[PDB]
K.L.:
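Pasting a structure here, questions to come.
Lettering of chains follows the sequences in order, A, B, ..., and the numbering in each one begins at 1. Computed from heavy atoms alone, side chains included, the values below leave out hydrogens, waters and symmetry copies.
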Amino acid sequence: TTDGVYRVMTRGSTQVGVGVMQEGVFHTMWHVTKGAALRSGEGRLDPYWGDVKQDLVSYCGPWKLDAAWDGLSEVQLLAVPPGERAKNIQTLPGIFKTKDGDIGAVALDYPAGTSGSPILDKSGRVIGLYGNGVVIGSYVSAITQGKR
Amino acid sequence: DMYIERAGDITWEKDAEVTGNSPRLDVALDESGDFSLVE
């Protein structure tokens with residue numbers, strides 16, 4: 001239940017994604033778990049809220065992350081790659097321009113199992129999750145944030 | 001069996017590697033959560 005970044009594993013074992021524990025709620029991307037229950041040690045985490053269009057899901061309670069990219073500053077992807085220690089990658093986001101407004105986007109192309117890794121502002125707040133994006137052969141991830 | 005394992009604290013790191021460019025892209029988001037390029 002400890003705050004932090006977590007690997008999402010399936011059973012040999014394979015890492016299928018990453019998520020964020022904050023305020024007793026686990027946050028990841030819908031496409032990582034498809035809403036399945038998660039084991040945590042001897043405990044079980046059940047899905048609480050989810051949305052395919054946002055590609056987000058929370059477990060044990062409602063979505064808690066609400067910080068947003070400021071549109072100007074560099075950010076850090078706290079990547080948790082399969083088989084490797086958690087590692088920070090700093091970058092200046094580009095922008096997804098959509099008919100409903102602009103979304104920050106990071107032009108970083110890491111293994112699928114890093115999907116759900118958090119993107120952070122300079123204060124250490126999670127401004128969204130990595131792993132839903134587009135190809136321009138280089139992948140670009142939206143900074144996907146939910147609503148609190 | 002889908003399960004989770006703690007991998008670290010959520011912190012900014014002063015000495016992080018820095019990389020990646022900052023493209024400006026027109027995109028659309030469909031009902032399935034898929035982004036696509038728009039011209």
K.L.:
Determine the minimum heavy-atom distance between A/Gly101 and A/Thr98, stating which atoms define it.
P.N.:
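So the minimum-distance heavy-atom pair works out to O-OG1, 2.6 Å.
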K.L.:
So do A/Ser117 and A/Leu78 actually touch side chain to side chain, heavy atoms under 4.5 Å?
P.N.:
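Side chain of A/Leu78 against side chain of A/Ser117, heavy atoms only: no contact under 4.5 Å found.
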K.L.:
Would you check if the side chain of A/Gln76 reaches a backbone N or O of B/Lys14 as a donor-acceptor pair within less than 3.5 Å?
P.N.:
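Absent.
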K.L.:
Check ring pair (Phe, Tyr, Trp, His ring centres under 6.0 Å) between A/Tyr59 and all other residues, then give those that pass, not counting sequence neighbours.
P.N.:
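So A/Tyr59 forms no ring pair (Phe, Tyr, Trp, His ring centres under 6.0 Å) with any residue.
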K.L.:
Would the distance check show the side chain of A/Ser141 and the main-chain N or O of A/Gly131 forming a donor-acceptor pair, the cut-off being under 3.5 Å?
P.N.:
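Indeed, once roles are kept as given, a pair shorter than 3.5 Å links the two residues.
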K.L.:
Has the side chain of A/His27 got a donor or acceptor atom that lies under 3.5 Å from a matching backbone atom of A/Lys64?
P.N.:
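Pair found, side chain donor or acceptor close to backbone of A/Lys64.
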K.L.:
Walk me through whether A/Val25 and A/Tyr48 qualify under side chain to side chain contact (heavy atoms under 4.5 Å, CB included).
P.N.:
CA-CA 9 Å; A/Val25 169; A/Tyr48 188 95; over 6 Å; no
K.L.:
What is the minimum heavy-atom distance between A/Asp121 and A/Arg125, and which atoms define it?
P.N.:
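Smallest interatomic distance, heavy atoms only, reads OD2-NH1, 2.8 Å.
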K.L.:
Do side-chain atoms of A/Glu74 reach the backbone of B/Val18 as a donor and acceptor pair under 3.5 angstrom?
P.N.:
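No.
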K.L.:
Ignoring hydrogens, what is the shortest heavy-atom contact between A/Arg11 and B/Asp1? Give both atom names and the distance.
P.N.:
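Here A/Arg11 and B/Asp1 meet closest at NH1-OD2, 2.7 Å.
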K.L.:
Could you tell me if A/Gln145 and A/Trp63 have a donor-acceptor pair between their side chains, going purely by distance under 3.5 Å?
P.N.:
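The criterion, which ignores hydrogens and geometry beyond distance, is satisfied for A/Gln145 and A/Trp63.
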K.L.:
Is there a side-chain contact between A/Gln90 and A/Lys122 in this structure, where contact means two heavy atoms from C-beta onward sitting under 4.5 Å apart?
P.N.:
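In contact.
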K.L.:
Does one side chain, of A/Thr28 or A/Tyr6, offer a donor that lies under 3.5 Å from an acceptor on the other?
P.N.:
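Their side chains do not contain a donor-acceptor pair, so the 3.5 Å distance test is not met.
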K.L.:
Step by step, work out the side chain to side chain contact (heavy atoms under 4.5 Å, CB included) result for A/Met21 and B/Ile4.
P.N.:
CA-CA 10 Å; A/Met21 196 78 72; B/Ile4 64 175; 3.8 Å; yes
K.L.:
Between A/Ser58 (side chain) and A/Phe26 (backbone), is there a donor-acceptor pair under 3.5 Å?
P.N.:
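It does not hold such a pair.
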K.L.:
Taking all heavy atoms of A/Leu72 and all of A/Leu92, pick out the closest pair and write down the distance.
P.N.:
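In terms of heavy atoms, the two residues are closest at O-CD1, 3.4 Å.
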K.L.:
Do you know which two heavy atoms are closest between B/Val38 and B/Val27, and how far apart they sit?
P.N.:
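What the structure gives for the nearest pair is CG2-C, 4.0 Å.
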K.L.:
How far apart are the closest heavy atoms of A/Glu84 and A/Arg7, and which atoms are they?
P.N.:
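That closest heavy-atom pairing would be O-NH2, 2.7 Å.
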K.L.:
Just jot down the side chain to side chain donor-acceptor pair (under 3.5 Å) partners of A/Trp69, sequence neighbours excluded, or say none.
P.N.:
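Per chain and number, A/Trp69 pairs via side chain to side chain donor-acceptor pair (under 3.5 Å) with no residue.
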K.L.:
Checking B/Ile10 against A/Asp3 for the side chain to side chain contact (heavy atoms under 4.5 Å, CB included) test, could you report, in this order, the C-alpha distance in whole Å, the side-chain angles of both residues, the deciding distance, and whether it holds?
P.N.:
CA-CA 8 Å; B/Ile10 295 150; A/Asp3 286 347; 5.9 Å; no
K.L.:
Are A/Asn88 and A/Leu120 close enough that some pair of their side-chain heavy atoms sits under 4.5 Å apart?
P.N.:
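Yes - at least one pair of side-chain heavy atoms lies under 4.5 Å apart.
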K.L.:
Does the pair A/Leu129 and A/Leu56 meet the rule for a side chain to side chain contact (heavy atoms under 4.5 Å, CB included), with working shown?
P.N.:
CA-CA 9 Å; A/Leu129 305 186; A/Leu56 291 178; 4.1 Å; yes
